[PDB]
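> Data file start-v4.cif (mmCIF, C-alpha atoms) is appended below.
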```
data_run
#
loop_
_atom_site.label_atom_id
_atom_site.label_comp_id
_atom_site.auth_asym_id
_atom_site.auth_seq_id
_atom_site.Cartn_x
_atom_site.Cartn_y
_atom_site.Cartn_z
CA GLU A 3 106.72 104.19 125.49
CA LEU A 4 108.59 102.28 122.71
CA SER A 5 108.21 103.10 118.90
CA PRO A 6 107.56 100.80 115.71
CA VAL A 7 106.02 101.66 112.21
CA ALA A 8 107.66 101.56 108.69
CA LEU A 9 107.07 103.89 105.75
CA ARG A 10 107.13 102.18 102.38
CA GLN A 11 106.86 103.30 98.73
CA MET A 12 105.25 101.48 95.81
CA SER A 13 104.41 103.01 92.42
CA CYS A 14 100.76 103.39 91.42
CA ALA A 15 98.16 104.68 89.02
CA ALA A 16 96.42 108.01 89.52
CA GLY A 17 94.26 110.39 87.49
CA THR A 18 91.78 113.28 87.50
CA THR A 19 89.01 110.67 87.60
CA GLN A 20 88.76 106.94 88.49
CA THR A 21 88.73 105.60 84.90
CA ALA A 22 91.48 108.08 84.11
CA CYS A 23 93.68 106.22 86.59
CA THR A 24 96.45 105.02 84.31
CA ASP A 25 99.97 103.50 84.20
CA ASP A 26 101.79 104.38 87.41
CA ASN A 27 101.32 108.11 87.43
CA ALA A 28 102.83 108.37 90.89
CA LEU A 29 104.60 107.19 94.03
CA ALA A 30 102.36 106.11 96.96
CA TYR A 31 103.50 106.32 100.54
CA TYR A 32 101.98 103.56 102.67
CA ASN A 33 102.01 101.41 105.76
CA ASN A 34 101.40 97.62 105.91
CA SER A 35 99.01 98.10 108.90
CA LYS A 36 95.94 95.91 109.64
CA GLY A 37 94.01 94.44 106.66
CA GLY A 38 96.35 95.43 103.81
CA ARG A 39 98.25 98.37 102.39
CA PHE A 40 97.28 101.67 104.03
CA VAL A 41 98.19 104.67 101.86
CA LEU A 42 99.25 107.99 103.33
CA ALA A 43 100.13 110.17 100.37
CA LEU A 44 101.09 110.33 96.70
CA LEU A 45 104.06 111.99 94.98
CA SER A 46 103.71 112.93 91.31
CA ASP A 47 104.96 115.22 88.57
CA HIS A 48 101.31 115.68 87.68
CA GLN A 49 99.41 118.52 89.30
CA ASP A 50 95.76 117.62 88.74
CA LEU A 51 95.04 114.41 90.55
CA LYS A 52 91.96 113.46 92.52
CA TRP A 53 92.31 109.68 92.81
CA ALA A 54 94.75 106.85 93.22
CA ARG A 55 93.94 103.22 92.33
CA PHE A 56 95.13 100.07 93.94
CA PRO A 57 94.12 96.68 92.61
CA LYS A 58 93.85 94.30 95.56
CA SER A 59 96.03 91.13 95.53
CA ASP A 60 93.00 89.48 97.17
CA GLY A 61 91.52 89.44 93.69
CA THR A 62 88.20 90.90 94.97
CA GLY A 63 88.66 94.01 92.83
CA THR A 64 90.17 97.49 93.27
CA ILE A 65 90.51 100.36 95.83
CA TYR A 66 90.29 103.99 94.79
CA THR A 67 91.49 106.41 97.44
CA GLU A 68 90.57 110.08 97.11
CA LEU A 69 93.42 112.66 97.18
CA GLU A 70 93.59 116.03 98.81
CA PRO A 71 94.58 119.18 96.91
CA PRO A 72 98.39 118.95 96.33
CA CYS A 73 101.47 120.72 97.76
CA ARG A 74 103.91 122.26 95.38
CA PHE A 75 107.55 121.80 96.20
CA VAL A 76 110.81 121.73 94.26
CA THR A 77 113.63 119.25 94.50
CA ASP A 78 117.22 119.38 93.42
CA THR A 79 118.12 116.41 91.20
CA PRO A 80 121.10 115.56 88.96
CA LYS A 81 118.85 116.73 86.06
CA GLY A 82 118.29 120.13 87.77
CA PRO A 83 115.27 121.28 89.77
CA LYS A 84 112.05 119.34 89.28
CA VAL A 85 108.70 120.51 90.59
CA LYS A 86 106.65 117.77 92.32
CA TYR A 87 103.24 117.55 93.89
CA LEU A 88 102.49 115.84 97.19
CA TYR A 89 98.99 114.59 97.75
CA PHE A 90 97.82 113.59 101.14
CA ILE A 91 95.00 111.16 101.22
CA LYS A 92 91.59 112.56 102.05
CA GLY A 93 91.35 112.84 105.83
CA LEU A 94 94.93 111.88 106.81
CA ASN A 95 95.43 112.83 110.44
CA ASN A 96 98.42 115.03 111.24
CA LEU A 97 100.77 112.49 112.78
CA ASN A 98 100.67 110.64 109.46
CA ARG A 99 100.98 113.84 107.44
CA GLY A 100 104.04 114.53 109.56
CA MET A 101 105.57 111.17 108.73
CA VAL A 102 105.42 111.89 105.00
CA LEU A 103 106.73 115.43 105.15
CA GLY A 104 109.54 114.37 107.46
CA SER A 105 110.68 111.42 105.34
CA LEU A 106 110.71 113.56 102.17
CA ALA A 107 112.52 116.34 103.79
CA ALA A 108 115.07 113.83 105.19
CA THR A 109 115.76 112.04 101.91
CA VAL A 110 115.27 114.67 99.27
CA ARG A 111 117.06 117.99 98.79
CA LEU A 112 114.58 120.78 98.50
CA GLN A 113 114.82 124.21 97.01
CA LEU B 4 102.45 122.83 104.57
CA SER B 5 105.30 121.84 102.27
CA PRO B 6 108.46 120.08 103.59
CA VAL B 7 111.30 121.78 105.49
CA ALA B 8 114.80 120.35 105.78
CA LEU B 9 115.26 118.92 109.22
CA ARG B 10 118.82 119.12 110.51
CA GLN B 11 120.73 117.58 113.36
CA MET B 12 123.07 119.14 115.85
CA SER B 13 124.90 118.17 118.99
CA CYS B 14 123.67 119.68 122.21
CA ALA B 15 123.85 119.51 125.93
CA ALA B 16 121.01 118.11 128.00
CA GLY B 17 120.38 117.06 131.58
CA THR B 18 118.08 116.33 134.51
CA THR B 19 118.12 120.06 135.32
CA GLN B 20 119.03 123.36 133.68
CA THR B 21 122.31 123.45 135.62
CA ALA B 22 123.22 119.85 134.80
CA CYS B 23 123.34 120.59 131.03
CA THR B 24 127.04 119.79 130.53
CA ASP B 25 128.93 119.14 127.32
CA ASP B 26 127.07 117.38 124.57
CA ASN B 27 124.78 114.58 125.70
CA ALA B 28 122.41 114.45 122.82
CA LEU B 29 121.58 115.02 119.18
CA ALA B 30 118.73 117.57 118.50
CA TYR B 31 116.52 117.56 115.42
CA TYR B 32 115.63 121.11 114.32
CA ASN B 33 114.25 123.42 111.60
CA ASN B 34 115.37 126.86 110.66
CA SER B 35 112.59 129.50 110.72
CA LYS B 36 112.57 133.30 111.17
CA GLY B 37 116.24 132.88 112.28
CA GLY B 38 114.98 130.93 115.29
CA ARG B 39 116.13 127.33 115.06
CA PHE B 40 112.97 125.45 115.94
CA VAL B 41 114.02 122.39 117.94
CA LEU B 42 111.62 119.49 117.66
CA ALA B 43 113.20 116.56 119.54
CA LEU B 44 116.33 115.12 121.08
CA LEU B 45 118.10 111.78 120.73
CA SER B 46 120.27 110.44 123.50
CA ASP B 47 121.77 107.27 124.92
CA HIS B 48 120.79 108.82 128.26
CA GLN B 49 117.55 107.85 129.97
CA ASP B 50 116.93 110.65 132.38
CA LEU B 51 116.67 113.91 130.57
CA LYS B 52 114.45 116.82 131.32
CA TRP B 53 116.20 119.73 129.70
CA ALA B 54 118.20 120.73 126.65
CA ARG B 55 120.35 123.80 126.29
CA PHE B 56 121.02 125.83 123.17
CA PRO B 57 123.20 128.91 123.03
CA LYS B 58 121.71 131.39 120.58
CA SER B 59 124.38 131.90 117.93
CA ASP B 60 124.34 135.73 118.40
CA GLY B 61 125.79 135.11 121.91
CA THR B 62 122.81 137.14 123.24
CA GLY B 63 122.09 134.23 125.52
CA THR B 64 120.89 130.70 125.79
CA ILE B 65 117.60 128.81 125.62
CA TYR B 66 116.61 125.89 127.85
CA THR B 67 113.78 123.86 126.43
CA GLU B 68 111.91 121.35 128.54
CA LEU B 69 111.78 117.77 127.24
CA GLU B 70 108.93 115.29 127.29
CA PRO B 71 109.28 111.82 128.84
CA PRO B 72 111.34 109.73 126.39
CA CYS B 73 110.51 106.89 124.02
CA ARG B 74 112.71 103.91 124.08
CA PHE B 75 113.71 102.52 120.74
CA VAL B 76 116.26 100.33 119.14
CA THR B 77 118.61 101.11 116.33
CA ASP B 78 120.84 98.36 115.10
CA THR B 79 124.54 99.33 114.95
CA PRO B 80 127.40 97.13 113.70
CA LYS B 81 128.15 95.99 117.31
CA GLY B 82 124.53 94.76 117.50
CA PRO B 83 121.28 96.39 118.62
CA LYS B 84 121.31 99.54 120.74
CA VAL B 85 118.77 101.35 122.85
CA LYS B 86 118.36 105.10 122.40
CA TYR B 87 115.76 107.54 123.79
CA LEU B 88 113.70 109.99 121.75
CA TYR B 89 112.60 113.12 123.56
CA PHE B 90 110.06 115.32 122.00
CA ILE B 91 110.02 118.92 123.10
CA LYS B 92 107.27 119.78 125.62
CA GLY B 93 104.07 120.52 123.71
CA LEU B 94 105.28 119.48 120.22
CA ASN B 95 102.10 119.13 118.16
CA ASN B 96 101.48 115.78 116.39
CA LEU B 97 102.38 117.15 112.96
CA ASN B 98 105.91 117.88 114.09
CA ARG B 99 105.96 114.59 115.98
CA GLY B 100 105.36 112.95 112.62
CA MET B 101 108.13 114.92 111.09
CA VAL B 102 110.57 113.81 113.74
CA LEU B 103 109.52 110.15 113.49
CA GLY B 104 109.84 110.18 109.69
CA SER B 105 113.22 111.78 109.84
CA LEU B 106 114.34 109.19 112.44
CA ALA B 107 113.52 106.35 110.07
CA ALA B 108 115.66 107.99 107.34
CA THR B 109 118.68 109.00 109.45
CA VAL B 110 118.89 106.17 111.96
CA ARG B 111 119.18 102.44 111.43
CA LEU B 112 115.82 101.60 112.97
CA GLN B 113 115.75 97.87 113.69
#
```
Translate the structure of the given file into structure tokens.

Amino acid sequence: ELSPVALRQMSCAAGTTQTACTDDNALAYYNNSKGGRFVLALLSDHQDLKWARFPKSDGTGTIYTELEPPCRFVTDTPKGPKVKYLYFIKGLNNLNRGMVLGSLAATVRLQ
Amino acid sequence: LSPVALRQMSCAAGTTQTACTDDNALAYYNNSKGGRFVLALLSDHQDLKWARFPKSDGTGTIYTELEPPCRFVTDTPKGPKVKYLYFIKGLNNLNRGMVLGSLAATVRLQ
């Protein structure tokens, strides 16, 4: 009983389809774990996303990870309230869903 | 399930209900239905089994049983320190995640 495990954020492309994945639509939550970047969830202004795309640094090619239907929530910002959408990755177990929700809620002021 | 603010308060804890003194620990909680839902405790202390929480109506007080703690290290300015994370008995994994993700944000986790 001792407890590791860091939660990082890169920006990334996302879209309603795979070829629609464009231009850093979003913020991906991830872990470094195992054989590369392991993505937990996406944060976006956009409400209609189905995929996220991650070119591998390998150079093999690209990963598309399917998104779950999003949560609506509202944050207080210096520019007033902004509505964002949180997308868990298809089949995220609950511990990992809990990590994302808890980090948001700890760092971001919510209406 | 959308995110809920997770707050921190000071609280008493101990090896037994009676031994819950002045404030030993820091509890992580939600508000909900008026009931503060306590999720976990943080303590320097190694040997805790119970936390105590006076309901703020002064109707009474709640003792919630703690799980066996996790050791972890935060680094403070006087070097690394060992603290213990106590989930509440029966906390589901979702809320375990929440606590762990809030720990990373609120505590210098070395």
> Select residues of chain B: the criterion is any atom within 7 Å of an atom of chain A, counting all atoms listed in the file; output as a PyMOL selection string.
chain B and resi 5-9+73-75+96-105+108
> Would you list the contacts of residue 90 of chain B as a ChimeraX atom specification, taking every protein, DNA or RNA residue within 9 Å and counting all atoms listed in the file, but skipping same-chain residues closer than 3 positions in sequence?
/B:42-45,69-73,93-94,99,102
> Can you give me, as a PyMOL selection string, the residues this file yields under the PyMOL selection byres ((chain A and resi 21) around 12)?
chain A and resi 15-20+22-25+52-55+64+66
> Tell me which protein, DNA and RNA residues are within 12 Å of segment 56-66 of chain B, counting all atoms listed in the file, leaving out same-chain ones fewer than 5 positions away, and put them as number ranges by chain.
B: 12-26, 28-30, 32, 37-41, 44, 91-92
> Restricting the calculation to all atoms listed in the file, which member of B:4, B:53, B:47, B:68 is positioned closest to residue 85 of chain B?
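Answer, going by the shortest atom-to-atom distance: B:47.
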> What is the distance, in Å and to one decimal place, between atom CA of residue 46 of chain A and atom CA of residue 31 of chain A?
11.4 Å
> Kindly indicate which residue among A:33, A:26, A:79, A:94 lies nearest to residue 56 of chain A, using all atoms listed in the file for the distances.
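Using all atoms listed in the file, residue 56 of chain A sits closest to A:26.
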> Grab the atom CA of residue 45 of chain A to atom CA of residue 86 of chain A distance for me, in Å with one decimal place.
6.9 Å
> If I take atom CA of residue 86 of chain B and atom CA of residue 10 of chain A, how far is one from the other in Å, to one decimal?
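Between atom CA of residue 86 of chain B and atom CA of residue 10 of chain A the gap works out to 23.1 Å.
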